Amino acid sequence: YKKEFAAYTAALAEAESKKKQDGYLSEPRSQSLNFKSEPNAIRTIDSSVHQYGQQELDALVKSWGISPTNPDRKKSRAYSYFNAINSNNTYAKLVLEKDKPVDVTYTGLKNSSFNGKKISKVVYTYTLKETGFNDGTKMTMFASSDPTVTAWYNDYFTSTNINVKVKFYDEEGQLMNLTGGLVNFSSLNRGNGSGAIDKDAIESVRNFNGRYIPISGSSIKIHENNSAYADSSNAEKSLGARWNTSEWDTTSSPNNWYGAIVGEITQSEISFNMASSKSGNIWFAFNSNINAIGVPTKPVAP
């Protein structure tokens, strides 16, 4: 402890003098939240909510006009994207109805803590707010077995906006307030769309009820309604990217800060909106694995 504190102090001094450097947090912070990975979480969804079978969802999506036999290339490409994500049956397959919340509860958490206190349960509430798809009242999403991998959702190359509420609970089942915790909003691609629809696909986070901390040099900027996304392509150097997608957009890439922003938690119920334009399939991971360089973990005194 007394040596981790030394080290953490020295790392904050270093984050301060390098804060204007690429990859560094523009305002130095330490991490007190540990919500990094929970591969063996127990996932529970109320029996109220239909969890689709693979072929059952496939037939539903086809009945919506999104099928391989639609002569409209944009529709059939939306199908092959949907089909790909529909092939993993470890996800819970959900049909969101506009304005109707869906809770996804993960218990049996083995790795997570905040400032020394064990996190034993995380609850996600998903509510479709808007889609450019069909009558605008429905969208597919896929809840991960792992709460830190979190979700895929679709837009079928239109647009989707889904509100997410997140609540963390300790071993006593009491609501926890993760104020000061850092969350990783990562992999917010712009310009990585399908060349058959439009290259300027956009992934964003909107309406975050916490405070963003810009990563220096990152393509992800703050906009109105507390929203974070890139202002131009972060996918192709020929459209002005620093790095092509493949050179930064992985969980271990040393350049992954390029598509990320940090979120500082301010409330016990965390809230943001996942929103996409022209993406087809969208991965949205919610966790504490900060992409910024040199963010120290805050040690806890026994």
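Just count from 1 along the sequence shown to find any residue number.
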Take the C-alpha B-factors listed in the entry for 191-199 and for 227-235, compute each mean, and give the stretch with the larger one. 191-199
By its CA B factor, does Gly53 count among the lowest, middle or highest third of the modelled residues in the chain? middle
Of the three thirds of its chain by CA temperature factor, lowest, middle or highest, which one includes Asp103? middle
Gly210: which third of its chain by C-alpha temperature factor? lowest
Third of chain Cα B-factors occupied by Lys110: highest
So where's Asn89 on the chain's Cα temperature factor ranking, which third? highest
